[PDB]
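Please read the structure below before turning to the comments.
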Amino acid sequence: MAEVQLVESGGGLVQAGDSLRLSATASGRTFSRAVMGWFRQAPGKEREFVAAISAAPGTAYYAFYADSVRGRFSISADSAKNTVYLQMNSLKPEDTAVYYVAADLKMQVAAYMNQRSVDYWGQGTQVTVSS
């Protein structure tokens with residue numbers, strides 16, 4: 001498949017209870033009407049799905065959240081700005097991980113994403129939550 005360079009930003013050291021926003025864009029070649037998602041991974045841990053997003057009619061989007069982040073995280077996107085976002089609220093030490101943006105080109109709508117079906121990964125951005 002064609003080369004695509006996804007780049008995550010926003011990682012940092014925060015405290016339990018804080019909010020932190022992550023963003024992701026492509027460097028050069030990008031997508032249009034792709035199902036985008038966030039995953040996270042601590043060393044030795046399995047890569048975990050976090051949230052997914054895909055375009056709906058007009059300026060609306062479909063979203064889907066893992067149970068681990070329901071009520072706390074929100075995924076959004078800006079078409080013109082070629083960016084996808086993950087607003088993390090009420091962070092806790094168990095959210096500590098490297099967060100990766102993902103694209104799965106077979107999927108048509110936002111839903112649960114299997115890490116093994118992902119076509120493109122970013123390089124990841126470390127999020128560290130101290131108690």
Side-chain angles (χ1 to χ4, degrees):
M1 304 174 83
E3 207 198 328
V4 178
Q5 190 65 275
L6 293 171
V7 186
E8 306 89 347
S9 305
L13 169 62
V14 286
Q15 305 169 49
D18 281 3
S19 287
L20 188 65
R21 188 168 87 162
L22 309 184
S23 65
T25 191
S27 183
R29 183 174 293 114
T30 189
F31 307 114
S32 174
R33 284 171 44 177
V35 176
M36 303 297 297
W38 290 87
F39 285 75
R40 70 181 182 190
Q41 185 174 41
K45 220 164 181 298
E46 308 169 81
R47 197 164 299 184
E48 175 177 4
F49 168 78
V50 168
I53 189 163
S54 68
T59 55
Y61 292 82
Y62 293 111
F64 186 81
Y65 301 101
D67 297 332
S68 58
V69 305
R70 272 209 270 93
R72 301 160 56 225
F73 294 12
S74 71
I75 195 165
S76 61
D78 192 326
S79 184
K81 288 186 182 180
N82 184 36
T83 305
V84 68
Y85 304 90
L86 190 68
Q87 179 62 233
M88 302 182 294
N89 309 102
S90 303
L91 283 164
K92 49 191 79 168
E94 50 264 42
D95 299 314
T96 297
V98 179
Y99 285 64
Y100 304 84
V101 62
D104 181 327
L105 303 185
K106 321 297 174 194
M107 297 177 74
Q108 291 202 215
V109 191
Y112 178 82
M113 294 179 62
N114 263 291
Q115 68 99 51
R116 74 181 190 278
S117 304
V118 165
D119 293 303
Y120 298 95
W121 294 104
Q123 88 292 329
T125 181
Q126 179 74 55
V127 168
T128 306
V129 189
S130 69
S131 69

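Only heavy atoms go into these numbers, but all of them, side chains included; no hydrogens, no water, no symmetry mates. Numbers here are sequence positions counted from 1.
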Using the salt bridge (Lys or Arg N to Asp or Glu O under 4.0 Å) rule, collect all pairs that involve residues 7-23, keeping only residues at least two apart or in two chains. none

List the atom pairs, with distances to 0.1 Å, where a side-chain N or O of residues 63-72 and a protein N or O form a donor-acceptor pair under 3.5 Å, not counting sequence neighbours.
{"from": "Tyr65", "atom 1": "OH", "to": "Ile75", "atom 2": "N", "distance (Å)": "2.8"}
{"from": "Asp67", "atom 1": "OD1", "to": "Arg70", "atom 2": "NE", "distance (Å)": "3.1"}
{"from": "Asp67", "atom 1": "OD1", "to": "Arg70", "atom 2": "NH2", "distance (Å)": "2.7"}
{"from": "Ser68", "atom 1": "OG", "to": "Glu48", "atom 2": "OE2", "distance (Å)": "2.9"}
{"from": "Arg72", "atom 1": "NE", "to": "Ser90", "atom 2": "O", "distance (Å)": "3.3"}
{"from": "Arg72", "atom 1": "NH1", "to": "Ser68", "atom 2": "O", "distance (Å)": "3.1"}
{"from": "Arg72", "atom 1": "NH2", "to": "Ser90", "atom 2": "O", "distance (Å)": "3.2"}
{"from": "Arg72", "atom 1": "NH2", "to": "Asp95", "atom 2": "OD1", "distance (Å)": "3.2"}
{"from": "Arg72", "atom 1": "NH2", "to": "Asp95", "atom 2": "OD2", "distance (Å)": "2.3"}

Which distance, rounded to the nearest 0.5 Å, do you find between the CG of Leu86 and the OG of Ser74? 7.0 Å

Taken to the nearest 0.5 Å, the spacing of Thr59 OG1 from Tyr61 OH works out to 7.5 Å

Can you hop from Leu91 to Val98 via hydrophobic side chains spaced under 4.5 Å? no

Hits for side-chain contact (heavy atoms from CB on, under 4.5 Å) against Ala56, two or more places apart or cross-chain, chain-then-number order -> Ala60, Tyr62

What is the distance from atom NZ of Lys92 to atom OG of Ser131, rounded to the nearest 0.5 Å? 13.5 Å

Distance-only donor-acceptor hits, side chain of residues 103-113, under 3.5 Å, sequence neighbours excluded:
{"from": "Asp104", "atom 1": "OD1", "to": "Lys106", "atom 2": "N", "distance (Å)": "3.0"}
{"from": "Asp104", "atom 1": "OD1", "to": "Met107", "atom 2": "N", "distance (Å)": "3.4"}

Name all pairs fulfilling the salt bridge (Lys or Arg N to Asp or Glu O under 4.0 Å) condition that reach into residues 74-90, sequence neighbours left out, sorted by first residue then second. none

Would you say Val4 and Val118 are hydrophobically clustered, going by side-chain heavy atoms of ILVMFWY under 4.5 Å? no

Considering all heavy atoms of both residues, which atom of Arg47 and which atom of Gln41 are nearest to each other, and what is their separation? NH2-OE1, 2.8 Å

Give every residue pair that meets the salt bridge (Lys or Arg N to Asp or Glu O under 4.0 Å) criterion with at least one member in residues 49-62, sequence neighbours excluded. none

Hphob cluster co-occupancy, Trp121 + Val50, side-chain heavy atoms under 4.5 angstrom: no

Residues 26-39, side-chain donor-acceptor partners within the protein, below 3.5 Å, at least two apart:
{"from": "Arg29", "atom 1": "NH1", "to": "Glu3", "atom 2": "O", "distance (Å)": "2.9"}
{"from": "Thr30", "atom 1": "OG1", "to": "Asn82", "atom 2": "OD1", "distance (Å)": "2.6"}
{"from": "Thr30", "atom 1": "OG1", "to": "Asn82", "atom 2": "ND2", "distance (Å)": "3.3"}

All side chain to side chain donor-acceptor pair (under 3.5 Å) counterparts of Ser19, not counting sequence neighbours: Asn89

Quick one: closest heavy-atom pair of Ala16 and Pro93, and the distance? CB-CD, 4.1 Å

Between CD on residue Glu46 and CD on residue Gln115, distance to nearest 0.5 Å: 8.5 Å

Where is the tightest heavy-atom contact between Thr96 and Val129, given as atom of each residue plus distance? OG1-N, 2.9 Å

Might you confirm whether atom CD of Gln126 has over 12 heavy atoms from other residues, nucleotides or ligands at distances under 6.0 Å? yes

According to a hydrophobic-cluster definition based on side-chain heavy atoms being under 4.5 Å apart (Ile, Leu, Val, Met, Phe, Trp, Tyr only), do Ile53 and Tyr120 belong together? yes

Ring pair (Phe, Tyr, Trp, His ring centres under 6.0 Å) contacts in which one or both residues fall within residues 78-99, not counting sequence neighbours: none

For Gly11 and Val127, the nearest pair of non-hydrogen atoms, with its separation, is CA-CG2, 4.2 Å

Applying side chain to side chain donor-acceptor pair (under 3.5 Å), name anything that partners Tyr100, two or more places apart in sequence or on another chain. none

